[PDB]
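Novice: What follows is coords16.pdb, made up of PDB, C-alpha atoms (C1' of nucleotides):
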```pdb
ATOM      1  CA  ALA A   1      23.202 206.983-110.737  1.00  0.00           C
ATOM      2  CA  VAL A   2      19.695 206.225-109.402  1.00  0.00           C
ATOM      3  CA  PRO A   3      20.094 203.231-107.049  1.00  0.00           C
ATOM      4  CA  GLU A   4      17.446 201.507-104.986  1.00  0.00           C
ATOM      5  CA  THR A   5      17.848 202.643-101.386  1.00  0.00           C
ATOM      6  CA  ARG A   6      16.146 202.081 -98.073  1.00  0.00           C
ATOM      7  CA  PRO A   7      16.331 204.039 -94.837  1.00  0.00           C
ATOM      8  CA  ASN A   8      19.599 203.741 -92.951  1.00  0.00           C
ATOM      9  CA  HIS A   9      21.912 205.856 -90.810  1.00  0.00           C
ATOM     10  CA  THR A  10      23.613 207.621 -93.719  1.00  0.00           C
ATOM     11  CA  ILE A  11      22.408 210.211 -96.177  1.00  0.00           C
ATOM     12  CA  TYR A  12      24.177 211.092 -99.438  1.00  0.00           C
ATOM     13  CA  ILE A  13      23.998 214.740-100.461  1.00  0.00           C
ATOM     14  CA  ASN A  14      25.000 216.122-103.798  1.00  0.00           C
ATOM     15  CA  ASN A  15      24.537 219.321-105.795  1.00  0.00           C
ATOM     16  CA  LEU A  16      26.651 220.929-103.108  1.00  0.00           C
ATOM     17  CA  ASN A  17      28.475 224.146-103.809  1.00  0.00           C
ATOM     18  CA  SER A  18      31.975 223.182-104.937  1.00  0.00           C
ATOM     19  CA  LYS A  19      33.386 226.662-104.214  1.00  0.00           C
ATOM     20  CA  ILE A  20      33.200 226.082-100.437  1.00  0.00           C
ATOM     21  CA  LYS A  21      36.301 224.852 -98.608  1.00  0.00           C
ATOM     22  CA  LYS A  22      35.881 221.296 -97.373  1.00  0.00           C
ATOM     23  CA  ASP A  23      36.496 222.207 -93.729  1.00  0.00           C
ATOM     24  CA  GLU A  24      33.836 224.930 -93.844  1.00  0.00           C
ATOM     25  CA  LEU A  25      31.473 222.623 -95.691  1.00  0.00           C
ATOM     26  CA  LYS A  26      31.827 220.002 -92.916  1.00  0.00           C
ATOM     27  CA  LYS A  27      31.193 222.555 -90.173  1.00  0.00           C
ATOM     28  CA  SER A  28      28.159 223.956 -91.980  1.00  0.00           C
ATOM     29  CA  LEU A  29      26.658 220.525 -92.643  1.00  0.00           C
ATOM     30  CA  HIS A  30      27.217 219.632 -88.996  1.00  0.00           C
ATOM     31  CA  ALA A  31      25.560 222.808 -87.740  1.00  0.00           C
ATOM     32  CA  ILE A  32      22.504 222.413 -89.936  1.00  0.00           C
ATOM     33  CA  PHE A  33      21.990 218.664 -89.715  1.00  0.00           C
ATOM     34  CA  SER A  34      22.755 218.267 -85.984  1.00  0.00           C
ATOM     35  CA  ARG A  35      19.255 219.606 -85.283  1.00  0.00           C
ATOM     36  CA  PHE A  36      17.892 216.217 -86.434  1.00  0.00           C
ATOM     37  CA  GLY A  37      20.029 214.223 -84.011  1.00  0.00           C
ATOM     38  CA  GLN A  38      23.524 213.139 -83.104  1.00  0.00           C
ATOM     39  CA  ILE A  39      25.925 212.887 -86.038  1.00  0.00           C
ATOM     40  CA  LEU A  40      28.694 210.300 -86.005  1.00  0.00           C
ATOM     41  CA  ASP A  41      30.661 211.610 -88.958  1.00  0.00           C
ATOM     42  CA  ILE A  42      30.533 213.776 -92.036  1.00  0.00           C
ATOM     43  CA  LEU A  43      32.441 212.547 -95.082  1.00  0.00           C
ATOM     44  CA  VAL A  44      33.460 214.679 -98.039  1.00  0.00           C
ATOM     45  CA  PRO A  45      35.281 212.255-100.336  1.00  0.00           C
ATOM     46  CA  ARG A  46      38.160 213.452-102.434  1.00  0.00           C
ATOM     47  CA  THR A  47      37.361 213.076-106.126  1.00  0.00           C
ATOM     48  CA  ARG A  48      39.537 213.704-109.162  1.00  0.00           C
ATOM     49  CA  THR A  49      37.567 216.927-109.783  1.00  0.00           C
ATOM     50  CA  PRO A  50      35.216 218.793-107.420  1.00  0.00           C
ATOM     51  CA  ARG A  51      31.777 217.255-107.597  1.00  0.00           C
ATOM     52  CA  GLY A  52      29.791 218.589-104.646  1.00  0.00           C
ATOM     53  CA  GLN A  53      29.159 215.327-102.772  1.00  0.00           C
ATOM     54  CA  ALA A  54      28.984 214.474 -99.075  1.00  0.00           C
ATOM     55  CA  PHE A  55      27.720 211.849 -96.611  1.00  0.00           C
ATOM     56  CA  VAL A  56      26.231 212.504 -93.174  1.00  0.00           C
ATOM     57  CA  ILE A  57      26.189 209.521 -90.800  1.00  0.00           C
ATOM     58  CA  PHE A  58      23.597 209.824 -88.011  1.00  0.00           C
ATOM     59  CA  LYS A  59      23.554 207.853 -84.769  1.00  0.00           C
ATOM     60  CA  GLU A  60      19.824 207.033 -85.276  1.00  0.00           C
ATOM     61  CA  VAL A  61      18.043 206.137 -88.531  1.00  0.00           C
ATOM     62  CA  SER A  62      15.069 208.336 -87.585  1.00  0.00           C
ATOM     63  CA  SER A  63      17.434 211.331 -87.623  1.00  0.00           C
ATOM     64  CA  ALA A  64      18.450 210.472 -91.195  1.00  0.00           C
ATOM     65  CA  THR A  65      14.819 210.042 -92.209  1.00  0.00           C
ATOM     66  CA  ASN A  66      13.786 213.451 -90.833  1.00  0.00           C
ATOM     67  CA  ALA A  67      16.868 215.213 -92.286  1.00  0.00           C
ATOM     68  CA  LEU A  68      16.236 213.707 -95.727  1.00  0.00           C
ATOM     69  CA  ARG A  69      12.642 214.879 -95.717  1.00  0.00           C
ATOM     70  CA  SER A  70      13.127 218.309 -94.198  1.00  0.00           C
ATOM     71  CA  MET A  71      16.205 219.396 -96.096  1.00  0.00           C
ATOM     72  CA  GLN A  72      15.323 217.933 -99.492  1.00  0.00           C
ATOM     73  CA  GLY A  73      15.775 220.650-102.087  1.00  0.00           C
ATOM     74  CA  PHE A  74      16.609 223.274 -99.479  1.00  0.00           C
ATOM     75  CA  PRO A  75      19.157 225.953-100.396  1.00  0.00           C
ATOM     76  CA  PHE A  76      22.559 225.530 -98.867  1.00  0.00           C
ATOM     77  CA  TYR A  77      25.129 228.065 -99.953  1.00  0.00           C
ATOM     78  CA  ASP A  78      22.702 229.136-102.688  1.00  0.00           C
ATOM     79  CA  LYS A  79      22.274 225.661-104.234  1.00  0.00           C
ATOM     80  CA  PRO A  80      19.373 223.238-103.625  1.00  0.00           C
ATOM     81  CA  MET A  81      20.552 220.141-101.800  1.00  0.00           C
ATOM     82  CA  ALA A  82      19.718 216.808-103.444  1.00  0.00           C
ATOM     83  CA  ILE A  83      19.466 214.131-100.746  1.00  0.00           C
ATOM     84  CA  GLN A  84      19.151 210.339-100.774  1.00  0.00           C
ATOM     85  CA  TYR A  85      19.742 207.568 -98.333  1.00  0.00           C
ATOM     86  CA  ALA A  86      23.126 205.985 -98.844  1.00  0.00           C
ATOM     87  CA  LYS A  87      23.182 202.866-101.002  1.00  0.00           C
ATOM     88  CA  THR A  88      25.111 201.134 -98.248  1.00  0.00           C
ATOM     89  CA  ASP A  89      25.174 202.386 -94.670  1.00  0.00           C
ATOM     90  CA  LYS A  90      28.527 203.969 -93.772  1.00  0.00           C
ATOM     91  CA  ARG A  91      28.079 203.568 -90.006  1.00  0.00           C
ATOM     92  CA  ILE A  92      30.852 201.497 -88.403  1.00  0.00           C
ATOM     93  CA  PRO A  93      29.400 199.496 -85.439  1.00  0.00           C
TER
ATOM     94  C1'   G B   1      49.324 199.256 -94.925  1.00  0.00           C
ATOM     95  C1'   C B   2      46.505 203.368 -92.260  1.00  0.00           C
ATOM     96  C1'   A B   3      45.186 208.614 -92.598  1.00  0.00           C
ATOM     97  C1'   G B   4      45.345 213.064 -95.384  1.00  0.00           C
ATOM     98  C1'   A B   5      46.287 216.282 -99.936  1.00  0.00           C
ATOM     99  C1'   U B   6      44.075 218.976-106.848  1.00  0.00           C
ATOM    100  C1'   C B   7      38.058 224.886-108.542  1.00  0.00           C
ATOM    101  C1'   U B   8      45.095 225.370-104.573  1.00  0.00           C
ATOM    102  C1'   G B   9      49.257 217.623-107.653  1.00  0.00           C
ATOM    103  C1'   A B  10      48.291 214.167-112.194  1.00  0.00           C
ATOM    104  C1'   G B  11      46.622 210.366-115.941  1.00  0.00           C
ATOM    105  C1'   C B  12      42.303 207.851-117.155  1.00  0.00           C
ATOM    106  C1'   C B  13      37.006 206.269-117.266  1.00  0.00           C
ATOM    107  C1'   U B  14      32.271 208.616-117.832  1.00  0.00           C
ATOM    108  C1'   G B  15      29.848 212.280-121.237  1.00  0.00           C
ATOM    109  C1'   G B  16      22.869 213.397-117.342  1.00  0.00           C
ATOM    110  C1'   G B  17      29.767 211.848-112.018  1.00  0.00           C
ATOM    111  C1'   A B  18      27.956 207.412-105.575  1.00  0.00           C
ATOM    112  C1'   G B  19      34.017 205.272-111.200  1.00  0.00           C
ATOM    113  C1'   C B  20      39.596 203.695-111.458  1.00  0.00           C
ATOM    114  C1'   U B  21      44.731 204.443-110.959  1.00  0.00           C
ATOM    115  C1'   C B  22      48.971 207.333-109.838  1.00  0.00           C
ATOM    116  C1'   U B  23      51.776 211.087-107.310  1.00  0.00           C
ATOM    117  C1'   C B  24      52.833 213.847-102.823  1.00  0.00           C
ATOM    118  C1'   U B  25      52.738 214.375 -97.266  1.00  0.00           C
ATOM    119  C1'   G B  26      52.387 212.123 -92.167  1.00  0.00           C
ATOM    120  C1'   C B  27      52.489 207.716 -89.341  1.00  0.00           C
TER
END
```
Could you quickly redo this structure as structure tokens?
Specialist:
Amino acid sequence: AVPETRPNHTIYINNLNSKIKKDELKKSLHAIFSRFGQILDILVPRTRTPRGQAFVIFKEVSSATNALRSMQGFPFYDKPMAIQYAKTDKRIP
RNA sequence: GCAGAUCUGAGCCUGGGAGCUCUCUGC
């Protein structure tokens, strides 16, 4: 899937390491992405099979923008993160 | 209904994974 996106509060990360427990994955994504700004939630959706996908919802769009740029392709648990803006913002105002 | 659960529950769809349904648990 290669959808048209535009900046919003939420980034979509895939190519994550599927061997990492979901609770540890959430804590590690929080620790590394909180440098860019306040995080409202981190979602790791349950899929029929493990697929290495997560969403990080930032309080400010600028935080998402800087995280997307800075962390694109960066190793996380020995795999390069692939990052996009979310197709549809997951923030709940 | 809401929230969770599978490399540690399942059937599909897909066949270059942001898909669907079920089952189970709590409320």
Novice: So how many Å separate CA of residue 21 (chain A) and CA of residue 92 (chain A), to one decimal?
Specialist: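 Distance reported for this atom pair: 26.1 Å.
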Novice: Could you write out as a tab-separated table (two decimals) with C-alpha atoms, in the coordinates of the input the residues of chain A within 9 Å of chain B, counting all atoms listed in the file?
Specialist:
```tsv
chain	number	residue	atom	x	y	z
A	1	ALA	CA	23.20	206.98	-110.74
A	12	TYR	CA	24.18	211.09	-99.44
A	18	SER	CA	31.98	223.18	-104.94
A	19	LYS	CA	33.39	226.66	-104.21
A	46	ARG	CA	38.16	213.45	-102.43
A	47	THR	CA	37.36	213.08	-106.13
A	48	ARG	CA	39.54	213.70	-109.16
A	49	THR	CA	37.57	216.93	-109.78
A	50	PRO	CA	35.22	218.79	-107.42
A	51	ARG	CA	31.78	217.26	-107.60
A	53	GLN	CA	29.16	215.33	-102.77
A	86	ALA	CA	23.13	205.98	-98.84
A	87	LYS	CA	23.18	202.87	-101.00
```
Novice: Got a sec to resolve the PyMOL selection byres ((chain A and resi 25) around 10) on this structure and send the residues as an MDAnalysis selection string?
Specialist: chainID A and resid 16:24 26:31 42 44 52 54 76:77
Novice: Selection from above, C-alpha atoms, as a short mmCIF file (atom, residue, chain, number, x, y, z; two decimals), in the frame of the given file, can you write it?
Specialist:
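In the end it all went to selection.cif:
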```
data_model
loop_
_atom_site.label_atom_id
_atom_site.label_comp_id
_atom_site.auth_asym_id
_atom_site.auth_seq_id
_atom_site.Cartn_x
_atom_site.Cartn_y
_atom_site.Cartn_z
CA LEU A 16 26.65 220.93 -103.11
CA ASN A 17 28.48 224.15 -103.81
CA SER A 18 31.98 223.18 -104.94
CA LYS A 19 33.39 226.66 -104.21
CA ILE A 20 33.20 226.08 -100.44
CA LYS A 21 36.30 224.85 -98.61
CA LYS A 22 35.88 221.30 -97.37
CA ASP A 23 36.50 222.21 -93.73
CA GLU A 24 33.84 224.93 -93.84
CA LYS A 26 31.83 220.00 -92.92
CA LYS A 27 31.19 222.56 -90.17
CA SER A 28 28.16 223.96 -91.98
CA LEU A 29 26.66 220.52 -92.64
CA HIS A 30 27.22 219.63 -89.00
CA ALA A 31 25.56 222.81 -87.74
CA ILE A 42 30.53 213.78 -92.04
CA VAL A 44 33.46 214.68 -98.04
CA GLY A 52 29.79 218.59 -104.65
CA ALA A 54 28.98 214.47 -99.08
CA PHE A 76 22.56 225.53 -98.87
CA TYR A 77 25.13 228.06 -99.95
#
```
Novice: Could you expand the PyMOL selection byres ((chain A and resi 40) around 7) into the explicit residues it covers here, written as number ranges by chain?
Specialist: A: 38-39, 41, 57-59
Novice: Centre and edge lengths of an axis-aligned box around all listed atoms of region 5-17 of chain B, with 5 Å added on each side, are to be given in Å to one decimal, as JSON.
Specialist:
```
{"center_x": 36.1, "center_y": 215.8, "center_z": -110.6, "size_x": 36.4, "size_y": 29.1, "size_z": 31.3}
```
Novice: Suppose you want the space between CA of residue 88 (chain A) and CA of residue 65 (chain A); what is it in Å?
Specialist: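 So the answer is 14.9 Å.
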